[PDB]
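Since the structure comes first, as structure tokens, the remarks are kept for the end.
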Amino acid sequence: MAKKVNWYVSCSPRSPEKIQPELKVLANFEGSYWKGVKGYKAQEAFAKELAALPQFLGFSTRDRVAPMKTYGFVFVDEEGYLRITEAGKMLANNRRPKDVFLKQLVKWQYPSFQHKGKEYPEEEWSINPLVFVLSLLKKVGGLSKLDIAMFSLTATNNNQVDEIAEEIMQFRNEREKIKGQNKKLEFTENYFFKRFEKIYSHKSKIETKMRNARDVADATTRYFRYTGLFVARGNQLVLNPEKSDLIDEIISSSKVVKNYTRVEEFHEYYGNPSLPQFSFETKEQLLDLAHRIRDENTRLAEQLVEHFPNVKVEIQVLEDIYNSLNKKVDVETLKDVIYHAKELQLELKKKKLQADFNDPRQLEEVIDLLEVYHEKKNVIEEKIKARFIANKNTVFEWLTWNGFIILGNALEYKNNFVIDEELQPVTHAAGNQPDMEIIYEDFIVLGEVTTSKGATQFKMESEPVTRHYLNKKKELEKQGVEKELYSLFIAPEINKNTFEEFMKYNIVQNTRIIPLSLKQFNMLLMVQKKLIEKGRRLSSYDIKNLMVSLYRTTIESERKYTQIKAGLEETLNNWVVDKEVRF
């Protein structure tokens with residue numbers, strides 16, 4: 404048949420936040436001829452402007468554009484011109500972008516204008532993929548990436564939820580009986596092999612399909628987590644329990660519209676970011692929602708403010724946000740207040756972790772997981788696969804960032820990697836950003852981490868770390884922010900040449916890059932764990948003193964690699980001794 408048997412979240416890009424800067428560029432081409440030969444001039448000029456983005460400096464145009472069509476941001480009208488829908492104009496302008504994605508992905512259906520005709524016959528196809536996963540999870544609790552790959556992508560109709568839920572429950576019951584981890588895996592892989600054989604050099608072909616399903620399941624979890632309707636718990640996608648009422652309405656009102664064959668008519672609906680219109684989206688009920696989020700944020704800050712006065716930052720931001728409602732109480736203003744209020748709630752939740760780390764087992768879990776990264780590559784993959792959806796490179800950013808939260812005292816713990824509504828990690832930081840920026844009262848630390856080693860580490864890290872550092876120093880000067888800037892570079896094993904290159908930049912180009920082995924970083928967290936056991940904890944000054952001290956050693960030590968390396972070990976030990984804790 405021409406007929407496809409699975410749906411698809413493109414891997415270009417694999418994470419949803421990279422659409423917005425592409426779409427902003429594409430919006431400059433609105434009203435250009437875009438189809439057939441008259442369309443060459445515009446597609447070509449777009450290709451080029453898109454090439455200049457930082458995200459491409461460190462493909463076929465039609466492959467970059469396809470997802471923007473699939474999610475209803477853009478279309479080609481019947482006279483062949485490029486048009487940007489209202490959803491695409493909101494996203495280009497960066498207005499409530501997770502809520503734009505949430506409404507586009509809820510309307511997303513097969514068949515559709517992009518997916519119709521002989522390949523997508525109505526006899527087989529009638530599904531809203533995101534709502535299908537919502538309904539499924541109601542039955543099966545959680546789905547791993549592999550579960551999504553095996554069971555979900557090959558659903559082609561909303562009406563299959565009950566039968567696939569049944570099948571999963573029974574697959575988990577068979578697996579559950581199989582004794583021992585390695586036999587469990589074989590069984591899992593055998594079920595997956597046969598299942599996909601019935602669905603589609605032979606063994607080669609069917610393994611390609613399983614791998615494509617795995618790759619797509621990954622992008623699927625990242626786009627779905629971006630809407631906030633789903634979050635990760637361990638290595639499983641689960642429903643977000645803060646969204647239950649929304650998720651029930653979504654399931655109850657979703658639909659596959661029949662009018663998909665004609666472009667303008669289908670996009671007057673699909674391109675409308677007002678739709679679907681949810682019950683609570685009246686002035687009266689959005690007031691109530693804004694007020695409930697205000698109370699949640701108040702409760703969180705109330706409970707932390709005495710022992711963690713760095714919540715003062717979010718308290719003031721909340722006030723600024725809700726003050727808008729002194730001027731205007733219309734639907735659009737209420738939606739902006741709610742969007743920014745939920746963002747600020749996530750900031751309060753990062754500061755809540757400082758309270759959770761008062762429990763020595765929570766603090767020690769981060770230490771033990773960081774220790775996993777001294778093991779062999781294959782051991783790290785397997786241990787991280789069992790506990791996270793994100794790959795082990797992103798999880799190392801996330802663990803290091805938890806490291807900084809454990810140390811305490813920041814005004815802002817700015818992860819540049821993406822996390823979801825439960826603060827679990829999603830996607831690595833972009834190549835033009837440090838992995839995190841930790842902002843303190845009078846200094847700033849860029850956290851730069853890598854699991855890389857050897858020449859590969861020099862190649863991957865030497866230049867980006869120095870450029871991130873000098874870019875931020877220039878930005879701070881431009882903004883008149885007078886705080887001294889440091890970058891803390893952490894790897895399981897710091898390569899000699901990398902180390903030397905940063906020492907050269909500190910003394911020659913006036914950077915303040917401080918390289919610390921993972922072992923040295925974990926010593927810090929062990930220090931703080933021992934202080935908390937005694938009713939004490941590091942102050943902001945303690946952390947500043949460590950960064951200043953280590954920095955001074957980098958530029959004052961004798962120039963030999965082994966001398967600067969020993970100087971740093973000694974400076975670190977001095978600061979550790981000073982804390983009067985015991986190993």
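Residue numbers (the numbering used here): 404 to 986.
A virtual CB, placed ideally from N, CA and C, is assigned to each residue, including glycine.
- If you compare the alpha carbons of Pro524, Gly520, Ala558 with that of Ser538, the shortest gap goes to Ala558.
- Residue pairing of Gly545 in beta bridges, as defined by DSSP: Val641.
- No residue range can be given for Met553, since it is assigned to no alpha helix (DSSP H) and is classified by DSSP as neither H nor E.
- Under the three-state reduction of DSSP, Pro524 is assigned to coil, being neither helix nor strand.
- When secondary structure is reduced to three states using DSSP, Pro712 falls in the helix class.
- In the structure shown, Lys421 falls within a helical segment according to DSSP collapsed to helix, strand and coil.
- Here the segment 481-499 does not lie against the segment 624-634, with fewer than 3 beta-carbon pairs under 8 Å apart.
- Your pair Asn898 and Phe846 does not check out as a contact, with CB atoms roughly 27 Å apart and the cut at 8 Å.
- For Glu961, no alpha helix (DSSP H) segment is defined, and its DSSP state is neither H nor E.
- In the displayed model, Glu815 falls within a strand according to three-state DSSP.
- When C-beta atoms of the segment 911-928 are compared with those of the segment 765-775, three or more pairs fall below 8 Å, so the two segments count as touching.
- Around the C-beta of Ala813, 16 or more other C-beta atoms lie within 10 Å, and the residue is accordingly described as buried.
- A direct Cα-to-Cα measurement between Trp410 and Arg614 gives close to 14 Å.
- Cβ neighbours of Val979 within its own chain (closer than 7 Å, five residues either side excluded): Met926, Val930.
- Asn561 counts as buried, since at least 16 other C-beta atoms from the protein chains shown sit within 10 angstroms of its C-beta.
- Non-local beta-carbon contacts of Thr473 in its own chain, meaning distances under 6 Å to residues more than five positions away in sequence, involve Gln517 in chain order.
- In the pairwise beta carbon analysis, the segment 699-712 is classified as touching the segment 743-763: at least three pairs are separated by under 8 Å.
- For the set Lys877, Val848, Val732, the Cα lying nearest the Cα of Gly806 is the one of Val848.
- The Cβ-Cβ distance between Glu936 and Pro763 falls below 9 Å.
- Residue range 916-920 is occupied by the beta strand (DSSP E) that includes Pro918, with no alpha helix (DSSP H) assigned at that position.
- The segment 474-487 and the segment 432-445 touch, with three or more beta-carbon pairs separated by less than 8 Å.
- Cα atoms of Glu904 and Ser865: separation of roughly 7 Å, rounded to the nearest angstrom.
- With a beta-carbon spacing of about 15 Å, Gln512 and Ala490 fall beyond the 8 Å limit used to define contacts.
- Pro679 and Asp651 have their alpha carbons spaced roughly 13 Å apart.
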